[PDB]
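Everything on this sheet refers to the single structure shown next.
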Amino acid sequence: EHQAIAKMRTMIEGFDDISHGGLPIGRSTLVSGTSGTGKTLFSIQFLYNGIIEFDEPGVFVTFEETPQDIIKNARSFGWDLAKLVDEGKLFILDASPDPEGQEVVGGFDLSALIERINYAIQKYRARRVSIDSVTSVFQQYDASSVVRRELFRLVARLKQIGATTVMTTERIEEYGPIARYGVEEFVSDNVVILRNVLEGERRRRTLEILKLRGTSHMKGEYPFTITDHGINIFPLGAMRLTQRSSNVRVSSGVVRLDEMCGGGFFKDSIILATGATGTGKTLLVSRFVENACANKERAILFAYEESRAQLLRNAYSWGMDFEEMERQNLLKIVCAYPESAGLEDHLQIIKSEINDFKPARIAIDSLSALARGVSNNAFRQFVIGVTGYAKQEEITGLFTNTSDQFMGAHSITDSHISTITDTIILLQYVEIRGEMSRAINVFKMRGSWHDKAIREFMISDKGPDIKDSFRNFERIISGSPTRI
Amino acid sequence: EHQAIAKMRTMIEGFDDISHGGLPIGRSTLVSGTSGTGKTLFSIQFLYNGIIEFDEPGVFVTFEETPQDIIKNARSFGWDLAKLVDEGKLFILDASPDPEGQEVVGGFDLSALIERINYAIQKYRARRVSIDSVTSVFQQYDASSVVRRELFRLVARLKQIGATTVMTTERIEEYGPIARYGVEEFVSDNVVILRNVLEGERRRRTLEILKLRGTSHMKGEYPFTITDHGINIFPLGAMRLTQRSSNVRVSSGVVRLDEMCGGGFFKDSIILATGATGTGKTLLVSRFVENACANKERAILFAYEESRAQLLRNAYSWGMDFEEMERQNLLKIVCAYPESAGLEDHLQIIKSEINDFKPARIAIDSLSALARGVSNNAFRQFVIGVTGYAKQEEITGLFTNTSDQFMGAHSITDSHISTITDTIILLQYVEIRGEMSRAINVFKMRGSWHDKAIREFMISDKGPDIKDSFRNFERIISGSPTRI
Amino acid sequence: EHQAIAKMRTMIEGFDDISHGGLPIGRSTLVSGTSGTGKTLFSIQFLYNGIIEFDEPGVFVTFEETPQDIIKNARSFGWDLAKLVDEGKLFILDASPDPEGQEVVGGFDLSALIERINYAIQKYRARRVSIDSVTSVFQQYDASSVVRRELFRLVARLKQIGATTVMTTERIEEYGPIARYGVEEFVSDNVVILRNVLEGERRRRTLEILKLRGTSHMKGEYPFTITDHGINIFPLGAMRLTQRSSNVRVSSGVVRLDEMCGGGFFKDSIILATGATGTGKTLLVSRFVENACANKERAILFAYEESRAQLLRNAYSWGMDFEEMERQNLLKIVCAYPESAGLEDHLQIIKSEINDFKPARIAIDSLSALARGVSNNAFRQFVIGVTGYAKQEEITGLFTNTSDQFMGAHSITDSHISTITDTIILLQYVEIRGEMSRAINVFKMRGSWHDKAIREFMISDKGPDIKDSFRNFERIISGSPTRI
Ligand SMILES: Nc1ncnc2c1ncn2[C@@H]1O[C@H](COP(=O)(O)OP(=O)(O)OP(=O)(O)O)[C@@H](O)[C@H]1O
Ligand SMILES: Nc1ncnc2c1ncn2[C@@H]1O[C@H](COP(=O)(O)OP(=O)(O)OP(=O)(O)O)[C@@H](O)[C@H]1O
Ligand SMILES: Nc1ncnc2c1ncn2[C@@H]1O[C@H](COP(=O)(O)OP(=O)(O)OP(=O)(O)O)[C@@H](O)[C@H]1O
Ligand SMILES: Nc1ncnc2c1ncn2[C@@H]1O[C@H](COP(=O)(O)OP(=O)(O)OP(=O)(O)O)[C@@H](O)[C@H]1O
Ligand SMILES: Nc1ncnc2c1ncn2[C@@H]1O[C@H](COP(=O)(O)OP(=O)(O)OP(=O)(O)O)[C@@H](O)[C@H]1O
Ligand SMILES: Nc1ncnc2c1ncn2[C@@H]1O[C@H](COP(=O)(O)OP(=O)(O)OP(=O)(O)O)[C@@H](O)[C@H]1O
């Protein structure tokens with residue numbers, strides 16, 4: 001034609017955003033990665049979605065896995081390929097060798113394969129094709145040069161036929177060559193790399209579109225998860241800074257607090273409660289959750305430090321009954337160790353939990369707990385993640401942070417997140433007359449006025465009682481004042 | 001079968017949790033690792049458990065080790081294979097070569113064997129098969145391409161036969177290619193990697209399920225141990241945050257302390273005593289252990305700093321007789337240098353000791369001692385392990401931590417564990433009138449009210465005596481006060 | 001121009017500065033890089049600009065891509081090669097193989113090709129020539145020695161013919177050998193290296209001119225971007241320190257401040273507002289923006305911390321209506337997460353936005369936000385870029401910086417930029433009588449006198465109210481003064 005290059009949607013959540021529209025039509029896209037990275041999954045999900053969303057028949061060529069297996073495994077995702085094969089929407093072209101192999105097959109098969117592929121494409125009027133592990137084919141006894149021709153031929157013919165293809169290749173080093181022979185990269189018009197990077201006993205799955213001749217696309221790596229719903233990608237760098245903002249207020253669960261905040265938290269806001277352990281962030285979180293049920297609104301409490309049972313014991317001891325909250329189906333407590341998964345997973349679990357429960361308020365007790373081990377950049381990326389998702393979702397969110405040092409803390413957050421949050425509430429110990437007292441302070445509020453006083457507060461069975469400031473002291477921020 | 005993948009339990013402690021059920025039935029699982037990582041052990045324990053737990057016969061194909069040795073070695077774990085061979089539950093298919101022979105017998109036996117195995121499978125109605133070191137077979141004179149076909153043939157046949165197999169492979173690099181020919185990886189349906197990572201003159205075994213076609217599993221590495229009971233794996237990231245919590249109280253061994261904690265320690269809770277050396281953590285431990293015996297309850301003292309004898313001397317000088325505690329079989333002292341083993345091993349020894357003595361209380365003298373050398377992340381992982389186990393086991397736990405700096409310490413723990421503990425007891429030196437006095441402080445209690453005063457205390461032959469706070473002082477916490 | 005070598009301009013933005021004039025005429029320039037680095041784009045742009053700007057006919061030799069694809073792909077940048085091929089200004093020489101082929105040809109073809117290209121050059125009176133992926137030609141079965149001869153031959157003949165050529169080559173490692181056979185480097189007269197470096201999940205493209213036999217050029221790597229307009233390079237080290245300076249003043253949007261600045265900011269100046277979160281930098285920015293519109297002048301607010309909505313809600317809460325600002329087409333708000341792209345991209349986006357809007361004032365809210373993750377050296381390079389552009393463009397700029405620690409901060413900027421800025425405005429918290437008050441201070445002004453007082457200021461619906469200094473206080477900068 002006389003325009004750019006049209007793309008075909010893969011409907012693979014996230015991918016079409018990363019690829020600025022999907023795969024280039026009429027061309028083949030190389031998808032490689034190490035063992036267990038999700039190559040096959042991608043190739044099948046590409047066909048399946050093609051069928052289920054646009055009724056575009058697909059041909060699936062397999063060189064190693066058996067057709068039965070391919071259909072067997074797809075069930076893992078509630079994928080019924082066998083049905084689609086019947087309806088003639090999907091055709092699995094078995095190209096795998098037989099238990100009784102034979103020599104030299106690097107030419108007959110090439111033209112014969114295309115004949116068959118072409119045959120099938122024509123027979124079912126296939127629009128999408130995906131070849132799984134073309135690597136394995138010439139993995140018979142070939143050199144880079146021989147590999148480059150065969151690929152060139154394969155790609156070329158498929159091009160002529162006008163098939164939008166997905167080719168799967170295997171790697172051996174997470175960051176070494178892009179594909180086995182170090183040739184495939186240059187022969188393909190489009191290249192996608194699926195990575196399963198180790199790093200600290202944890203595994204992180206990323207996807208990168210290295211290149212797409214003819215168009216633009218997002219660059220770099222993007223984390224993704226393989227679930228019961230297949231590949232799920234999060235273009236954390238694609239989320240737009242177009243969050244909705246209003247002047248509507250909401251209570252904290254603490255009236256005096258609400259006063260200090262100039263009338264309560266904003267509905268469209270992210271609040272952060274920082275302080276040493278014991279200061280009472282976990283309390284403010286409970287009082288925040290309860291206030292959402294007292295107004296018959298649903299709230300989720302993602303706890304990463306205390307057990308489900310403990311949260312209940314301590315909550316009851318502060319009055320507020322969490323038991324009822326759950327029965328009335330207004331409050332949902334999750335709970336899970338940060339070590340039970342990687343940030344990417346957690347991010348997703350938080351999201352899905354939000355979708356299946358339509359929360360009005362969300363509270364994550366201790367982001368500081370989720371920052372364990374993980375790198376700072378990976379962490380900030382997570383924070384921006386859960387933070388922005390909440391903002392664009394009209395969900396008020398309260399996040400907890402435990403500073404590494406009680407008293408003397410010179411920075412609000414060790415991880416440096418305060419800049420991403422709308423309202424900051426700071427809890428701190430104050431040594432007074434040989435005793436450890438607390439103090440609460442509305443450090444900042446973007447749209448409101450808020451109290452500038454550093455009020456001391458006690459904790460009882462009733463909960464939190466915000467009293468007066470220490471007007472007669474100096475160096476209070478430090479934790480060890482000087483009475484005057 | 002139009003359903004998800006079905007797995008078969010290995011009964012190898014921890015494995016079925018990581019593999020979300022066990023090995024996928026009728027499929028082969030590759031298990032590779034470097035020399036001495038426990039490949040053989042895995043494959044055998046796989047068959048054994050099969051025979052002993054579900055009476056599923058098993059065929060074990062060995063290419064290098066002799067059947068006599070395979071039986072001889074198994075005795076190391078109290079495995080009598082010889083017996084199972086007679087009972088015809090287990091059949092060892094000797095495929096090893098002899099001191100003499102010929103050559104040019106490539107795929108010759110690869111085909112003959114696929115029969116010899118099919119034979120024994122039918123003959124003993126085998127359900128589980130394990131081939132040890134298939135690698136060594138084509139370690140005769142082959143290339144990556146020749147190896148891919150032979151494997152694919154073998155796997156394929158075994159799959160037709162419907163047997164659930166485990167294939168052993170060797171590697172040369174702990175983090176390099178998955179298997180010798182970097183081809184096996186893609187040929188197997190399932191990949192398990194056993195690593196024996198060095199790092200700092202210490203060895204650390206970890207197992208990882210790289211992929212499982214068709215199902216889910218836990219990602220990343222997981223520490224494990226090889227004991228007299230075989231492979232023991234700890235899915236530290238699989239432990240759920242569903243610990244039981246009660247309001248029952250227990251004594252610290254110090255009445256005045258119990259008062260400050262507003263009625264004593266909670267049965268279901270983890271207590272942390274922090275302070276510079278000499279502050280007296282070891283004392284509070286002794287007193288906490290004695291109190292459990294005074295109530296005829298079993299308690300264990302894991303000491304990592306003082307000898308068995310020294311603990312006695314110092315305990316006796318504080319009154320409390322540890323001699324009697326042991327005779328009455330109410331108190332159990334362990335003692336071992338953190339350097340005598342890796343965290344994984346320690347964690348396990350702690351667990352087993354708890355199982356063989358049903359403790360009601362537990363005290364680990366110096367967590368900070370176990371933190372020597374080890375990485376902060378490997379440590380936190382150990383803490384969560386011991387911490388959680390105790391919690392879900394209704395065992396009250398007291399842990400000791402020596403801060404790196406006496407006086408001035410701006411953070412409770414250098415390792416940052418305060419966030420994982422329920423009750424925090426802080427001991428600190430206070431310079432008053434040219435003398436080093438002490439002070440005790442209940443820094444926090446999640447369920448109780450506890451005293452906020454920083455009470456000075458002395459140590460005598462009677463033990464700890466908690467006096468009054470320094471109401472007329474400033475900057476106490478700092479260590480160097482200033483009287484008003 | 002004092003350079004011994006006559007050069008030809010590429011008209012590729014930035015390249016001619018880097019190459020000190022363009023590509024040496026009558027010589028060949030090797031352009032190598034990994035897959036997807038922009039080799040083809042470079043060579044095509046080279047011919048294109050040649051035809052459009054100088055009516056210099058061009059010959060494009062392709063060994064892998066198809067003439068249709070090369071034309072199809074160029075539409076991505078709005079270039080119509082097809083039209084140029086008709087007019088006879090561009091000739092694409094198809095040298096790619098056919099999907100039927102044989103074996104053996106990379107030699108006489110080297111002579112057949114030479115004679116071919118000489119035909120095209122003579123037929124079209126070509127002046128520019130670019131051979132895309134010569135690498136792939138002897139990628140048939142050759143050794144380093146055979147390659148060196150063939151290249152040298154090709155190059156040599158092209159030189160005789162008098163053609164200025166661009167030869168593309170592929171590399172596998174981003175910093176390893178220059179080209180595949182590690183032989184091309186020395187055979188070519190000039191060598192250009194296109195890199196696409198990973199590093200932290202982001203991709204950074206750089207261009208480097210390694211050598212140019214005969215003349216000088218800019219040494220090292222230079223960041224560039226591929227856009228709808230092709231390759232765009234920023235010779236950040238080529239920016240001359242010859243910015244225009246005037247004594248003209250402009251308001252800051254706050255009258256009291258202007259007084260403090262001895263009559264307002266300088267038109268030709270870069271201002272820096274630093275302080276901990278909550279201090280009000282974002283407020284001053286708003287007021288700085290609003291003031292340019294109040295005087296019917298265009299201004300751009302690049303926000304990297306708050307959404308477009310939030311900025312509006314908060315702005316309105318401080319009076320000043322941002323809604324109207326936009327309608328009147330006097331104020332333009334951008335908004336974007338720093339993680340949504342690398343510095344290079346950001347820098348370019350800021351520049352374009354400036355050209356398509358002719359701003360008089362610009363405000364980047366939080367440079368410290370664009371400093372997330374990125375290396376300090378990469379950051380400073382970014383700051384020098386935006387800062388310099390602004391300066392030479394008579395555009396007044398207000399940049400924001402949040403300090404990692406509230407109160408006690410010993411340095412103006414953690415990134416150490418203060419030395420690059422002309423005027424510095426410092427905001428800070430002052431603990432006074434158990435309360436958090438703010439203090440504003442004109443730390444420095446290069447051309448003015450400015451007030452040296454550290455005035456406290458309050459924030460209201462009306463905005464910022466600058467009051468008086470704390471004359472009766474000591475240790476103000478500390479954050480917790482002493483009343484004397
Ligand atoms: N329902 C599921 N939920 C979560 N993970 C799953 C699920 N099903 C499969 N997986 C995971 O997805 C991976 C499957 O990878 P896939 O078969 O798509 O291709 P590959 O690993 O790229 O290449 P190969 O053909 O060599 O396996 C496995 O590693 C497995 O752990
Ligand atoms: N019934 C109670 N009466 C008085 N104080 C209580 C009561 N229960 C808990 N507390 C106090 O509250 C503190 C614990 O607070 P909380 O659970 O809110 O979370 P946190 O300090 O933010 O985080 P962390 O989990 O590290 O403790 C204890 O230090 C204790 O003094
Ligand atoms: N009772 C035991 N207690 C603790 N460790 C043991 C015991 N018995 C054996 N081991 C250890 O287990 C390992 C045995 O490894 P195994 O024979 O299972 O297979 P492998 O090392 O994976 O492969 P290979 O056949 O090359 O040895 C040894 O390294 C040894 O130190
Ligand atoms: N008979 C005693 N009379 C008075 N004080 C004693 C007596 N025995 C020990 N102490 C005191 O107790 C301190 C040692 O305390 P302890 O054994 O409790 O452990 P710790 O300080 O927690 O840890 P560490 O092993 O680093 O010393 C000494 O510094 C000393 O002052
Ligand atoms: N309009 C556009 N805007 C932004 N990027 C684009 C645009 N068009 C193409 N690109 C990018 O430019 C790159 C094209 O690279 P190009 O075809 O120039 O040569 P190459 O990658 O050096 O070599 P090869 O022939 O192996 O691909 C792709 O990586 C693609 O993402
Ligand atoms: N209507 C208002 N009345 C009184 N004070 C207000 C009002 N709106 C905002 N504020 C105050 O201004 C502060 C927020 O300031 P601002 O938006 O200027 O940016 P910042 O502190 O420089 O940077 P950031 O808050 O984005 O980290 C709040 O802490 C609050 O005290």
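Residues in the structure tokens are numbered from 1 in each chain, the chains being A, B, ... in the order shown, and ligands are numbered from 1 in the order shown.
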Could you give me, as a PyMOL selection string, every polymer residue with an atom at most 9 Å away from an atom of ligand 1, counting only C-alpha atoms and all ligand atoms? (chain A and resi 31-44+64-65+70+73-78+132-133+168-170+194+225-231) or (chain B and resi 185-191+209-219)
Hey, which bits of chain B sit within 9 Å of ligand 4, and for each residue what's the closest pair of atoms and how far apart in Å (one decimal), counting only C-alpha atoms and all ligand atoms, rows by chain and increasing number, as CSV?
residue,atom,partner,partner_atom_place_in_ligand_line,distance
B:273,CA,ligand 4,22 (O),8.3
B:274,CA,ligand 4,22 (O),8.0
B:275,CA,ligand 4,22 (O),6.9
B:276,CA,ligand 4,21 (O),6.5
B:277,CA,ligand 4,26 (O),3.4
B:278,CA,ligand 4,21 (O),2.7
B:279,CA,ligand 4,21 (O),3.9
B:280,CA,ligand 4,18 (O),3.1
B:281,CA,ligand 4,22 (O),3.1
B:282,CA,ligand 4,18 (O),3.7
B:283,CA,ligand 4,18 (O),3.7
B:284,CA,ligand 4,18 (O),6.7
B:285,CA,ligand 4,18 (O),7.9
B:286,CA,ligand 4,18 (O),8.3
B:305,CA,ligand 4,25 (O),6.6
B:306,CA,ligand 4,25 (O),7.2
B:311,CA,ligand 4,17 (O),8.4
B:314,CA,ligand 4,8 (N),6.1
B:315,CA,ligand 4,8 (N),8.2
B:316,CA,ligand 4,1 (N),8.7
B:317,CA,ligand 4,1 (N),5.0
B:318,CA,ligand 4,1 (N),5.7
B:319,CA,ligand 4,1 (N),8.8
B:365,CA,ligand 4,25 (O),8.4
B:366,CA,ligand 4,23 (O),8.0
B:400,CA,ligand 4,22 (O),7.5
B:401,CA,ligand 4,22 (O),8.0
B:402,CA,ligand 4,26 (O),6.5
B:427,CA,ligand 4,22 (O),8.5
B:458,CA,ligand 4,5 (N),7.6
B:459,CA,ligand 4,5 (N),4.6
B:460,CA,ligand 4,4 (C),4.0
B:461,CA,ligand 4,1 (N),4.8
B:462,CA,ligand 4,3 (N),8.1
B:463,CA,ligand 4,3 (N),7.6
B:464,CA,ligand 4,5 (N),8.7
Only C-alpha atoms, please: the residues just picked out, written as a PDB file, in the first residue's frame.
ATOM      1  CA  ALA B 273      15.353  -8.308  73.379  1.00  0.00           C
ATOM      2  CA  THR B 274      17.827  -5.788  71.899  1.00  0.00           C
ATOM      3  CA  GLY B 275      20.793  -4.031  73.485  1.00  0.00           C
ATOM      4  CA  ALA B 276      24.583  -3.691  73.417  1.00  0.00           C
ATOM      5  CA  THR B 277      26.729  -6.481  74.810  1.00  0.00           C
ATOM      6  CA  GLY B 278      26.492  -6.711  78.578  1.00  0.00           C
ATOM      7  CA  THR B 279      23.033  -5.126  78.791  1.00  0.00           C
ATOM      8  CA  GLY B 280      21.625  -8.462  79.952  1.00  0.00           C
ATOM      9  CA  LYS B 281      19.688 -10.102  77.116  1.00  0.00           C
ATOM     10  CA  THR B 282      21.236 -13.457  78.017  1.00  0.00           C
ATOM     11  CA  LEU B 283      19.859 -12.923  81.542  1.00  0.00           C
ATOM     12  CA  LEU B 284      16.294 -12.325  80.367  1.00  0.00           C
ATOM     13  CA  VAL B 285      16.647 -15.480  78.281  1.00  0.00           C
ATOM     14  CA  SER B 286      17.720 -17.576  81.263  1.00  0.00           C
ATOM     15  CA  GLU B 305      27.356 -17.520  71.885  1.00  0.00           C
ATOM     16  CA  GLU B 306      28.033 -19.270  75.171  1.00  0.00           C
ATOM     17  CA  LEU B 311      25.622 -20.936  80.508  1.00  0.00           C
ATOM     18  CA  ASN B 314      26.430 -17.706  84.755  1.00  0.00           C
ATOM     19  CA  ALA B 315      22.885 -18.979  85.282  1.00  0.00           C
ATOM     20  CA  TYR B 316      23.766 -20.369  88.692  1.00  0.00           C
ATOM     21  CA  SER B 317      25.410 -17.058  89.660  1.00  0.00           C
ATOM     22  CA  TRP B 318      22.039 -15.461  88.891  1.00  0.00           C
ATOM     23  CA  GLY B 319      20.350 -18.006  91.152  1.00  0.00           C
ATOM     24  CA  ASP B 365      20.329 -16.393  72.220  1.00  0.00           C
ATOM     25  CA  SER B 366      21.550 -13.937  69.639  1.00  0.00           C
ATOM     26  CA  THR B 400      18.013 -11.907  71.370  1.00  0.00           C
ATOM     27  CA  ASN B 401      19.836  -9.262  69.344  1.00  0.00           C
ATOM     28  CA  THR B 402      23.059  -7.445  70.181  1.00  0.00           C
ATOM     29  CA  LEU B 427      18.063  -2.727  77.076  1.00  0.00           C
ATOM     30  CA  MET B 458      20.534  -3.468  88.185  1.00  0.00           C
ATOM     31  CA  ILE B 459      21.777  -7.055  88.081  1.00  0.00           C
ATOM     32  CA  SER B 460      22.683  -9.102  91.156  1.00  0.00           C
ATOM     33  CA  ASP B 461      22.937 -12.683  92.377  1.00  0.00           C
ATOM     34  CA  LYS B 462      19.169 -12.611  92.663  1.00  0.00           C
ATOM     35  CA  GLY B 463      18.851 -11.579  89.026  1.00  0.00           C
ATOM     36  CA  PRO B 464      17.365  -8.439  87.432  1.00  0.00           C
TER      37      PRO B 464
END
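The nearest approach to chain C among the residues A:160, A:118, A:329, A:291, with only C-alpha atoms taken into account, belongs to A:160.
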Shortest interatomic distance to residue 389 of chain A - which of A:354, A:420, A:257, A:104, counting only C-alpha atoms: A:354
10 Å contact set for residue 246 of chain A, only C-alpha atoms, chain neighbours under 6 positions out, as a PDB file with N, CA and C atoms, in the first residue's frame:
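Output below, filename selection.pdb:
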ATOM      1  N   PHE A 266      -8.849  13.361  51.091  1.00  0.00           N
ATOM      2  CA  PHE A 266      -9.565  13.560  49.846  1.00  0.00           C
ATOM      3  C   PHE A 266      -9.887  12.162  49.335  1.00  0.00           C
ATOM      4  N   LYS A 267     -11.024  12.007  48.665  1.00  0.00           N
ATOM      5  CA  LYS A 267     -11.395  10.705  48.118  1.00  0.00           C
ATOM      6  C   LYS A 267     -10.337  10.318  47.081  1.00  0.00           C
ATOM      7  N   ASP A 268      -9.979  11.276  46.227  1.00  0.00           N
ATOM      8  CA  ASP A 268      -8.962  11.051  45.210  1.00  0.00           C
ATOM      9  C   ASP A 268      -7.611  11.448  45.766  1.00  0.00           C
ATOM     10  N   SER A 269      -7.022  10.561  46.559  1.00  0.00           N
ATOM     11  CA  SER A 269      -5.716  10.835  47.133  1.00  0.00           C
ATOM     12  C   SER A 269      -5.049   9.577  47.650  1.00  0.00           C
ATOM     13  N   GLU A 394     -10.358   5.889  41.216  1.00  0.00           N
ATOM     14  CA  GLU A 394     -11.185   6.588  42.194  1.00  0.00           C
ATOM     15  C   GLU A 394     -11.129   5.910  43.564  1.00  0.00           C
ATOM     16  N   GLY A 447      -4.006  19.449  48.527  1.00  0.00           N
ATOM     17  CA  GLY A 447      -5.102  20.359  48.231  1.00  0.00           C
ATOM     18  C   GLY A 447      -5.701  21.099  49.413  1.00  0.00           C
TER      19      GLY A 447
ATOM     20  N   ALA C 309      -5.045  16.522  36.249  1.00  0.00           N
ATOM     21  CA  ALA C 309      -6.228  16.846  37.041  1.00  0.00           C
ATOM     22  C   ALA C 309      -5.836  17.425  38.379  1.00  0.00           C
ATOM     23  N   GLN C 310      -4.997  16.690  39.098  1.00  0.00           N
ATOM     24  CA  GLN C 310      -4.552  17.128  40.406  1.00  0.00           C
ATOM     25  C   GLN C 310      -3.941  18.526  40.374  1.00  0.00           C
ATOM     26  N   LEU C 312      -4.594  20.866  38.577  1.00  0.00           N
ATOM     27  CA  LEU C 312      -5.708  21.799  38.431  1.00  0.00           C
ATOM     28  C   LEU C 312      -6.480  22.009  39.725  1.00  0.00           C
ATOM     29  N   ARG C 313      -6.806  20.912  40.406  1.00  0.00           N
ATOM     30  CA  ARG C 313      -7.531  20.986  41.670  1.00  0.00           C
ATOM     31  C   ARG C 313      -6.748  21.825  42.677  1.00  0.00           C
ATOM     32  N   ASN C 314      -5.465  21.498  42.832  1.00  0.00           N
ATOM     33  CA  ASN C 314      -4.586  22.190  43.766  1.00  0.00           C
ATOM     34  C   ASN C 314      -4.353  23.632  43.360  1.00  0.00           C
TER      35      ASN C 314
END
Kindly indicate which residue among B:303, B:272, B:386, B:238 lies nearest to chain A, using only C-alpha atoms for the distances.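 Between B:303, B:272, B:386, B:238, the residue approaching chain A most closely is B:238.
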So that I can see what lies close to residue 380 of chain C, please list as a list in words the residues with an atom at most 9 Å from it, counting only C-alpha atoms and leaving out residues fewer than 4 positions away in the same chain.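 In the requested form, the answer reads residues 371, 375, 376, 384, 385, 415, 416 and 417 of chain C.
Between atom CA of residue 16 of chain C and atom CA of residue 374 of chain C the interatomic distance comes to 28.3 Å.
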In Å, rounded to a single decimal, give me how far atom CA of residue 220 of chain B is from atom CA of residue 242 of chain B.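 Between these atoms lies a distance of 23.0 Å.
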I'd like to know which residues of segment 213-292 of chain B are strand (DSSP E or B) (by DSSP, run on the backbone); could you write them as a count of residues only? 21
May I have the residues within 10 Å of residue 348 of chain B as a VMD selection string, using only C-alpha atoms and disregarding those fewer than 2 positions away in the same chain? chain B and resid 224 to 225 232 to 234 343 to 346 350 to 354 385 to 386
Calculated over only C-alpha atoms, which of the candidates A:49, A:245, A:130, A:482 has the smallest distance to chain C?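 Ranked by minimum distance to chain C, first place goes to A:245.
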Run DSSP on the backbone and give me the residues of segment 387-456 of chain C it puts in helix (DSSP H, G or I), as a short mmCIF file (atom, residue, chain, number, x, y, z; two decimals) with C-alpha atoms, in the first residue's frame.
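Wrote it out as states-v2.cif, contents follow:
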data_model
loop_
_atom_site.label_atom_id
_atom_site.label_comp_id
_atom_site.auth_asym_id
_atom_site.auth_seq_id
_atom_site.Cartn_x
_atom_site.Cartn_y
_atom_site.Cartn_z
CA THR C 387 19.14 24.19 31.05
CA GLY C 388 21.31 25.19 28.11
CA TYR C 389 18.58 24.99 25.51
CA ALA C 390 16.49 27.31 27.67
CA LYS C 391 19.36 29.77 28.04
CA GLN C 392 20.25 30.14 24.35
#
Fewer than 5 positions away in the same chain doesn't count, so skip those; otherwise give me all residues within 9 Å of residue 11 of chain B, counting only C-alpha atoms, as a ChimeraX atom specification. /B:16,22,45-46,49-50,53
For ligand 6, which residue out of A:292, A:453, A:154, A:440 is the nearest one, using only C-alpha atoms and all ligand atoms?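 Nearest candidate to ligand 6 out of A:292, A:453, A:154, A:440: A:453.
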With ligand 2 as the partner and 7 Å as the cut-off, tabulate the residues of chain B that qualify, each row holding the nearest pair of atoms and their distance in Å to one decimal, using only C-alpha atoms and all ligand atoms, sorted by chain and rising number, as JSON lines.
{"residue": "B:418", "atom": "CA", "partner": "ligand 2", "partner_atom_place_in_ligand_line": "26 (O)", "distance": 6.8}
{"residue": "B:419", "atom": "CA", "partner": "ligand 2", "partner_atom_place_in_ligand_line": "26 (O)", "distance": 4.7}
{"residue": "B:443", "atom": "CA", "partner": "ligand 2", "partner_atom_place_in_ligand_line": "29 (O)", "distance": 6.3}
{"residue": "B:444", "atom": "CA", "partner": "ligand 2", "partner_atom_place_in_ligand_line": "29 (O)", "distance": 3.4}
{"residue": "B:445", "atom": "CA", "partner": "ligand 2", "partner_atom_place_in_ligand_line": "28 (C)", "distance": 4.5}
{"residue": "B:446", "atom": "CA", "partner": "ligand 2", "partner_atom_place_in_ligand_line": "9 (C)", "distance": 4.3}
{"residue": "B:447", "atom": "CA", "partner": "ligand 2", "partner_atom_place_in_ligand_line": "8 (N)", "distance": 4.2}
{"residue": "B:448", "atom": "CA", "partner": "ligand 2", "partner_atom_place_in_ligand_line": "7 (C)", "distance": 4.6}
{"residue": "B:449", "atom": "CA", "partner": "ligand 2", "partner_atom_place_in_ligand_line": "4 (C)", "distance": 3.4}
{"residue": "B:450", "atom": "CA", "partner": "ligand 2", "partner_atom_place_in_ligand_line": "31 (O)", "distance": 6.2}
Long-range neighbours of residue 140 of chain A as a VMD selection string, 12 Å cut-off, only C-alpha atoms, 5 positions minimum in chain: (chain A and resid 97 101 to 106 134 to 135 146 to 147) or (chain B and resid 142 to 150 183)
